[PDB]
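Presented as structure tokens, the chain that follows is alone, the form deposited in one PDB entry.
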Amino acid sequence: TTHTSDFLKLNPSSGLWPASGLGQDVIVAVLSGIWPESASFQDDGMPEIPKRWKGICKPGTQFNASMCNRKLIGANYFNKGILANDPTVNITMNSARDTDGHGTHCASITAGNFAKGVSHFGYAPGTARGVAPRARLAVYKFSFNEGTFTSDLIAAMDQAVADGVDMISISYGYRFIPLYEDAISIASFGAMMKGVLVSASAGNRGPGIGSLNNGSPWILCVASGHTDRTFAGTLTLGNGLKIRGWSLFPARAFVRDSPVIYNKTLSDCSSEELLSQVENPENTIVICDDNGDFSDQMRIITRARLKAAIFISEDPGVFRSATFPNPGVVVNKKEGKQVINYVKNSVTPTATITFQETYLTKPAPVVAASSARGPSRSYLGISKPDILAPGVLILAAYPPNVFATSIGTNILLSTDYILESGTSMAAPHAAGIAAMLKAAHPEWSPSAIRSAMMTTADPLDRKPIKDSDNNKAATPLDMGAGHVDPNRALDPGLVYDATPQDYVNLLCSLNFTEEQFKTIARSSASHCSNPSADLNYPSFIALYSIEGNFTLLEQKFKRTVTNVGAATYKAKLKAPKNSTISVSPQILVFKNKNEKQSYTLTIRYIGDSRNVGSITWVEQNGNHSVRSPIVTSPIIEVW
């Protein structure tokens, strides 16, 4: 977060920040605790706490009722699930204090206060701050070293909603269970019913189809993108050749004019014995061929105590990890050829590598290969995930007394700020943005706010955003509407709104037993005479069975769009491959603010493979562009 808000174009001059006061008057809850004494959680520029708030600072182990402030305004923890499970347990950290790190990291990403002069062992240096630097923090810890319990999770969410939180951020997910057994979904439904939007991670079991979790209609489901940041061990050869490779070695290693060797017998870097046969290992650099297992090469290299290693690799796994315990660089295939060449055509080939360099990459963003993919096996009906946000190697606060990274085989390091990857990092970005949107428009519903963020998202990086796993254009099942564009989201022109009743009607059309229905609903609605699955959503999915012959299919979607800008819009269409689409009316006229207008989209398609297209309502006498993606998809095994 020393760059992330810049990457999002956020700034004090104009856009969401000024409009929202950096979220000072809004409150975002974060469902493993927090390390309160971190700089990210101090309150230097914070105005008084809004009267509305009455949340507690619940005492516990190494945590007392004065631990809160105008920034970290609430702290609560929920451990009854653990105890009920086994009253024999001694909970070491019986409070909201974080002993894992995940909770601290997420909290600072979403609403970390400005923190000067931080870095990840020299990388990504600068001032850290949350996407919403003045948003209020309410911590709810349900994850403990001794266990994490579904019911505790739900108890935490319910307490947060009950506390009057403006937004909820949760970087957890469960798979393989139907909605009426899905903890986060059950609680989210409740949150939505009460006007609180929930941001949750899509999960990290990508890139296989339908691999995401938290894919519920009443949740903002967030996928993870790379930013334009990179970390360098600049590689210079004895012949002047200079290459900006990749490195995250956590110290200013000194490797200058050292002997480089390339030996096919060991070039694999998979044999400890072989590597142990290179003389003067401590002053020599070895080249490692691409063998699809970098982290094993790094381990063998680290164990053998080589000066450094040059790794040839383009495996996306490499660029999401901060594990770099031994000096070395990673280079792509072409570059790897240049290097090997230099070595073979020389006696006395040498190399120099420097570290702790950080640069601000094309193209970006890119969908992380491991970001889980739609459609939702919780509910195929509605396209997921919703939106893309930065989640690869993000810098945020961290507990000073836990393992952070490693040097050599025997040295562990700790830190105040660490780089971390995952949809876990992305979600809190969205949550903060959502919170600022809500501060700018205090009347906007959870659904409208998700709408602003979506129809305003950018699907381009100026080409279509790529999927890192295959290098082809990302789908809405990869990135939803696209990369969050906070500033635009401030002024979307049209929003696809929805009400609590609308979700009840949706839940109702699912045809669960009334007991299952009650499980999810539980006390926000009763068993519901107007079932309706066509929930007013800012995106479109068209599904097709794969059980037998494929035949031309057709689908019709009804949408209502309210004007938040008098204005008129013309629909522009781009039909998914091998399909046709049509809308009606083709034009929407608006007399004045708040007026609502409906339309119907119709797709005619055939299955076999997920094709994409879209529909944009572009303003004729203005610069508003309301975009909604469209995707066809097979009908897959649901939970």
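Start at 1 with the first residue shown and count on from there.
A second form of this protein, the form solved in complex with a partner chain, is not displayed here; the remarks below concern that form.
With the partner omitted from this view, the residue of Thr148, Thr499, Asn470, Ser276 that lies near its partner chain in the bound PDB entry is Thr148 [heavy atom within 4.5 Å]. Among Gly422, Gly210, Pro349, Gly336, the residue placing a heavy atom within 4.5 Å of its partner chain in the bound PDB entry is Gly422. Proximity to its partner chain in the bound PDB entry, taken as heavy atoms within 4.5 Å, picks out 99 to 107 from the listed stretches 508 to 516, 309 to 317, 99 to 107, 227 to 235. Among residues of the shown chain, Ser185 is not one whose heavy atoms approach its partner chain to within 4.5 Å in the bound PDB entry. Using a 4.5 angstroms limit between non-hydrogen atoms, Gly206 is distant from its partner chain in the bound PDB entry. Contact between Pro459 and its partner chain in the bound PDB entry is not found at the 4.5 Å heavy atom cutoff. The closest heavy atom approach of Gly190 to its partner chain in the bound PDB entry falls outside 4.5 Å.
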